[PDB]
Ligand SMILES: [As]
Ligand SMILES: [Zn+2]
Ligand SMILES: [Zn+2]
Ligand SMILES: [Zn+2]
Ligand SMILES: [Zn+2]
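Protein chains in written order, with the authors' numbering: chain A, 1 to 29; chain C, 1 to 29; chain B, 1 to 29.
Okay, structure coming up:
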C-alpha cells in the first residue's frame with residue numbers, strides 16, 4: 001500500500017513533466 | 001495523515017486528467 | 001520517507017497549479 005502510492009506519485013511526476021513539455025510546444029504554436 | 005496524502009495524490013491525478021483534456025481541446029478544437 | 005513523499009506531492013501540486021495558469025494563458029492568446 002505505501003509502495004503503490006509511491007509508484008503512483010512517480011507516475012504522476014512523469015505525466016506532469018510530459019504535459020509541461022507539450023504546453024511549452026503549444027505555447028510556441 | 002495517510003488518508004490526507006492519498007486524497008491529495010488522487011486529486012492531483014484527476015486534475016492532471018482535466019488539464020490534459022483541456023490541452024487536447026486547445027490544440028485540436 | 002513519509003516527509004519526502006509529502007514534499008514531492010506538494011511540489012507536484014505547485015507545478016500543476018503553474019501549468020493550469022499557463023494553459024489558461026494559451027486559451028486566451
Ligand atoms: As502524490
Ligand atoms: Zn518557456
Ligand atoms: Zn518562448
Ligand atoms: Zn479558461
Ligand atoms: Zn477567459
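Note that beta-carbon positions come from the ideal geometry of N, C-alpha and C, so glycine has one too.
Closer than 8 Å to chain B by CB, residue i
| i | result |
| --- | --- |
| residue 6 (chain A) | yes |
Assigned secondary structure, residue i (DSSP; H/G/I helix, E/B strand, else coil)
| i | result |
| --- | --- |
| residue 1 (chain A) | coil |
| residue 28 (chain C) | helix |
Beta carbon proximity, residue i to chain A, threshold 8 Å
| i | result |
| --- | --- |
| residue 1 (chain C) | no |
Interface flag, residue i vs chain C, CB-CB below 8 Å
| i | result |
| --- | --- |
| residue 22 (chain A) | yes |
Quiz item: What residues sit near ligand 4, counting only those whose C-beta is closer than 6 Å to one of its heavy atoms, in chain order?
Solution: For ligand 4, the selected residues are B:24, B:27.
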